[PDB]
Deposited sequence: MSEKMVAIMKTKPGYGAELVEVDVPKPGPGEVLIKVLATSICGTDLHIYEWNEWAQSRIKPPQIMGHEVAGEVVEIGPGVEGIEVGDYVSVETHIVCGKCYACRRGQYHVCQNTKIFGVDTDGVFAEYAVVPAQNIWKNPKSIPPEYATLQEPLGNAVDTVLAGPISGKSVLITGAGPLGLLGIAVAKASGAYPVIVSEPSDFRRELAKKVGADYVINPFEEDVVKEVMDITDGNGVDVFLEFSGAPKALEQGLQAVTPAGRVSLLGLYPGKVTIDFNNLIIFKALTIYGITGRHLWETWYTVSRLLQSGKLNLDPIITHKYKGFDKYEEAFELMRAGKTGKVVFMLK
């Protein structure tokens, strides 16, 4: 039995759409049939084959890691998982000995009709959640950990960056009672998506003064919460200036390099609480994500800008991403 897969055949740009054997689940593994799979920034780096990918990816290897699938076969030893289960996957494979590898980065991914998954990284989904939303749970998890690092209901918020993560952040913040949610994004396309998801105010940082606008919106008090989703040094500076004294900051975005910041006046004298964010990858975050999805309060439709039937148009998909003309791209099978 053969299957179609988007694979990084060798070092270099792009990828190849090929047909390989349907993998067989070994001890502690299960086989899932892919229903939907979405593309992430990490996948784009592997595609473009940058410095990062050039040092960690070992081709040939199937790409992708975000998925919504159905278990079709369970390997030896597996317990608690049955054929027919609707599932998604946690990408971080931890060892549990730390004081490890990433699914779809150090192993074959889910951009194929079927995929092998370690049983321990399986998350069961309620049948009511559509595949196109279920596949966004890993990214949603990062957004949830960023937004909910502290209290947010009835709090004013400044979100810098409206890429897919920032958009998911807006959706989580609004569903969590945040108001007003202010979003700064230079891209016209993404700034408009932010508005559609639910941003109460949007700011174009290349045409307006972010801090001034925030001060106007918050009557000079600043925002209670600043969430950094862009990775732009300037945005970090602006948010630290815009956050109210004793406010909370969550940093998810990754910068080009080191950043030069006025710690004395913006962090120390303002007595801020700053949380560095990276994926929890523990079930607690997944429980929160699942419930928010089941609640119907997450306005995700505007975020899914592209839905492809099959993997055939993969090249077009990756190109649209590089051109910054996408929110979230999903492959439907």
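No C-alpha positions are given in the record for the deposited-sequence stretches 1 to 2, 102 to 113, 348.
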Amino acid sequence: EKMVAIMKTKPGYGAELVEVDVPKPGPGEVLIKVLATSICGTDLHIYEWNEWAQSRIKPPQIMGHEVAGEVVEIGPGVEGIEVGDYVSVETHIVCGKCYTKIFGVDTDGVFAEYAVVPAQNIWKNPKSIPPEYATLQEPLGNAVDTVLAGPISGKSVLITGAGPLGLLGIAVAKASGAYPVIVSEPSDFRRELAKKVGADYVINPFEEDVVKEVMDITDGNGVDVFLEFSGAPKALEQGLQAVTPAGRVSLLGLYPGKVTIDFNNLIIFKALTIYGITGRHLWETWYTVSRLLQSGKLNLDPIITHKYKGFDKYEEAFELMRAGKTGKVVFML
From here on, numbers count along this sequence of modelled residues.
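Per the PDB record, of the two stretches 217 to 225 and 170 to 178, 217 to 225 carries the greater mean B-factor over its C-alpha atoms. As recorded in the PDB entry, 55 to 63 is the stretch of 271 to 279 and 55 to 63 with the greater mean C-alpha temperature factor. The PDB entry gives the largest Cα B-factor of the residues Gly104, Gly231, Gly198, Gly239 to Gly104. When the Cα B-factors of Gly141, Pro130, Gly96, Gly163 are read from the PDB record, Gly96 comes out highest. For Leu44, the recorded CA B-factor ranks within the highest third of the chain. Only modelled residues enter the ranking. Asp188 sits in the middle third of its chain by CA B factor, as recorded in the PDB entry. Split the chain's modelled residues into thirds by C-alpha temperature factor. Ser295 is in the lowest one. Split the chain's modelled residues into thirds by C-alpha temperature factor. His92 is in the highest one. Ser38: CA B factor lies in the middle third for its chain, per the PDB record.
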